[PDB]
């Protein structure tokens, strides 16, 4: 049976999901939700999506919709995920699951009560380059001693990754550090037992910190260093360095390199080189098979606990 999907938020990431979903057999997006009808309709027509709404509830009232993908602004995710599960729909939520621990806990509790698939978009789990390193670790061929990570944008304005203006404000802690806090514990195969952060001054017009530094230690002794900035005038995005016992690796999105700039071939690891498509394939596989997805709300939640502890430190 074709799984019918509502997609909420036709921004840059919602577009990346729609483009990925075109490659996944037996899934169809039947409803598109976005803040402005005319702009939403233009996207729906480009993608052939029949239903267009300005409220998520309108798509939740459709009985045929089986699943929801949330690419809305972060501040809406937990409430909307809760609403989806109250309507009986599986839900995938873009990272972060929430910007508060309480709301992430409320989402986890409703998922536990419903037994529905609720997934968080920790795409780093699904990028082929990180999967390659992960598979070497599971094989016992590699152990992480230190991860050194830079998450940098030039974002003194409320802009997305394509340089377009946002109507909402982003956050260094809940959205960007979340990728690394989760991914470090995942790749180390060991829980985080120490975390320290420091932040710079709050920006007068955006109300968020523009610079942040995070340090993690896993119970097995692996450490991670993370630098975050919205002030970086250079190449935007995340660069990851794995320093291990048997090697060094540099991950740059879906690309992997040795510490000597030798590019490693990851095109063989998974059926797609697109991590967003692999994330959605895992989500829909879990729905069809009645299993938990990789990056379930349950799997990623200790990340949000660490983020809360860092936030309390920063205040």
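Numbering follows the first chain given and starts at 1.
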property: Which of 66 to 74 and 252 to 260 has higher mean CA B factor, as the PDB entry lists it; result: 252 to 260
property: Of 103 to 111 and 190 to 198, the one with larger mean CA B-factor; result: 103 to 111
property: Largest Cα B-factor, entry values, listed residues 221, 140, 234, 121; result: 140
property: CA B-factor placement of residue 79, once the chain's modelled residues are sorted into thirds; result: middle
property: Ranked C-alpha temperature factor of residue 94 among modelled chain residues, by third; result: middle
property: Chain-relative CA temperature factor third for residue 116; result: highest
property: Residue 134 by Cα B-factor - lowest, middle or highest third of the modelled chain; result: lowest
property: Residue 24 by Cα B-factor - lowest, middle or highest third of the modelled chain; result: highest
